[PDB]
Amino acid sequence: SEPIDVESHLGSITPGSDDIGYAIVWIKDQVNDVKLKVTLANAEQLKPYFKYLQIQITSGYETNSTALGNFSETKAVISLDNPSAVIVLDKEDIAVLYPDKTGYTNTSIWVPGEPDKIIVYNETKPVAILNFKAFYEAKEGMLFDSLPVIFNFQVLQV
């Protein structure tokens, strides 16, 4: 089937570390595991500009369901000369609520550290949340207010 839909909530680099946002990976209910390629698509475009730039991909979510529990796992670090990474999402990466079972009553899943960014409320709708953090230094003489960050997402296997 077409097993995942990606919802991008990614920002730009604006200064040498900051959160760039997150992508929501909606996973269809029958899917056990997915191998994704995440690529810094505009890496070339940013090279003339940084002394280094590294993006750390972290799979993670928080919740008030005691049955599910919070989860966090670094998956990859990509950089300007190493712009793509293959990410496996399985087991704990795929948060699921079962509203009728104990430990899930009236519970929800949200972006880590952002309890107002509810992603799922009180339903069975499996999801993975990729959280993006950028580590960088501009080159000397390069000053900028913001620069774009373009990601591509490519399903390799399901």
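Residue numbers run from 1 along the displayed sequence.
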- Missing residues of the deposited chain between residue 148 and residue 149 number none
- Task: On mean C-alpha B-factor from the PDB entry, just flag whether 42-50 or 117-125 is the higher one.
- Result: 42-50
- Note on the structure: Quick note on 127-135 and 29-37: per-entry mean CA temperature factor is higher in 29-37
- Query: Mind checking which third residue 80 falls in for C-alpha B-factor across the chain?
  - Reply: middle
- Task: Place residue 92 in the lowest, middle or highest third of its chain's C-alpha B-factors, as listed in the PDB entry.
- Result: highest
